[PDB]
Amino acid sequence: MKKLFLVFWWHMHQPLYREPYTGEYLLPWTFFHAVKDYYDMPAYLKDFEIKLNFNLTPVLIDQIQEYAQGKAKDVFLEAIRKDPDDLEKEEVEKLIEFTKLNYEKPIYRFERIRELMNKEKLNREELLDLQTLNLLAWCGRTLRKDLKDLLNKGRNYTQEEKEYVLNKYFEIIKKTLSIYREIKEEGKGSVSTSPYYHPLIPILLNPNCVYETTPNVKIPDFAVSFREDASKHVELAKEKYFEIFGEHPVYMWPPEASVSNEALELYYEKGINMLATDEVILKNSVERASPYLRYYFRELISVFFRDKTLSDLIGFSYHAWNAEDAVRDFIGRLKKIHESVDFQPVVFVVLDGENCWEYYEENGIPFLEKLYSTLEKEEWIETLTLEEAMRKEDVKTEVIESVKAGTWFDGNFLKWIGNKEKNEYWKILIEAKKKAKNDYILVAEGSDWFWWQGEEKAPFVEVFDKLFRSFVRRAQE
């Protein structure tokens, strides 16, 4: 029978929140996503007979390991552990501000949270509830089953009960890297990596790549070559991947799907056999092309193009859907894809694996469990690992000679460079790399720092600015 090959590729990344001087983690997002998604996303493979593929950045692996060993000095987390009698007025404001930010998300829908947020002042026991419910709001699928009776209480938590939650959370973190090894060794999925600190590789090699799609943009003067650092990002990433999995990575996910002719050349030289990028890149690069086909880039590397609609549905749209209606729509589009082509199509669904579920009901567990079990019983859909997709003779293959440089955000680099606020950061980077002495200059090259520049007065913009400027200063010493 004709089949549709489905490839799931989840992207797990966190910037280095660790201040180089104090060694203090200024944001808790590595810890919260570790307990909520970084372990439970591949743990689905133990309960559903499908294939899921994952990408892990080396910077996230670095932070996961530090949290697992207990060495991470997370300032926000220490306030949670601290008995509310020891909490200072400043610390309590952070806890209330954190709750206010995530108050809207369905994973924060606790009746107790409504009372505490509306209360004018909080005593010790109310703070204990606020400390623990913030912890329990980020419970993953695995620990939601184990900590069920605690989560049904919903209030009146003791300090020891809180510490039990932290203890169970740190057991998950220590096991998080093990399951990624486990799924890769057992053949249930393929695990890939990215250049170390999630940098924009095409910009590092040739900053002129921005003019490929946005010709009239004004970028700062790049008086320095970042081309050698772009190899350092790739080379050190493969070395870190070797530490975890005992082998060099053959598959890589370019950060922000950003690709270029020169970027693909550098990936090929470093032993990368396959990567993926956005289908808006496909439309800019190839005349009349389909994303449902394996692509040979100049007979050097294999490239796959994600389905932007299918991926953006999971990451942005389905959060406001019932689990049944969401999966029914998702399968319905695949059936339309199945009928639309005379060949057997391969569909690449690639997106961030941790940031959409916060806005789903029950962290999207009903959505994922319904979709994963639905895909199991659909015979015409064959979930494939990245390695399986690369050796599959049933997928059509085409040869392309060039790509127009750009990210998955509108096919251009404007979200990271182009306006005064973003251009100013690159001038800071360019001048710092002129006097850079150590490798902390690599951390400052991450796309996240330039992501949050300008845009708006979003939460933690001051914190991200503080981290980037601290890394720039440390690189010059």
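One-based numbering along the sequence shown.
Enquirer: Quick check: 312 to 320 versus 146 to 154, which has the larger average CA B-factor in the record?
Expert: It is 146 to 154.
Enquirer: If you take the mean CA temperature factor per stretch, which one wins between 358 to 366 and 85 to 93?
Expert: That would be 85 to 93.
Enquirer: Highest recorded C-alpha temperature factor, please, choosing from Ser290, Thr374, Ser178, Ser302.
Expert: Within the set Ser290, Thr374, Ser178, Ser302, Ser178 shows the top C-alpha B-factor.
Enquirer: Quiz for you: based on the deposited Cα B-factor, which of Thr385, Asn273, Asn134, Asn118 is highest?
Expert: That would be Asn118, according to the entry.
Enquirer: Splitting the chain's C-alpha B-factors into thirds, which one does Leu26 fall into?
Expert: For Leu26, whose C-alpha B-factor we compare with every modelled residue in the chain, the answer is the middle third.
Enquirer: For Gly70, does the deposited CA B-factor place it in the lowest, middle or highest third of the chain?
Expert: Highest third.
Enquirer: Sort the modelled residues of this chain by their C-alpha B factor and say whether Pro202 lands in the lowest, middle or highest third.
Expert: It falls in the bottom third of the chain.
Enquirer: Would you mind ranking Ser447 by its C-alpha B-factor against the rest of the chain and naming the third, lowest, middle or highest?
Expert: Within its chain, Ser447 is a middle-third residue by C-alpha B-factor, going by the deposited values.
Enquirer: Per the entry's values, where does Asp329 land by CA temperature factor relative to the rest of its chain, in the lowest, middle or highest third?
Expert: Answer is lowest: the recorded C-alpha B-factor places it there.
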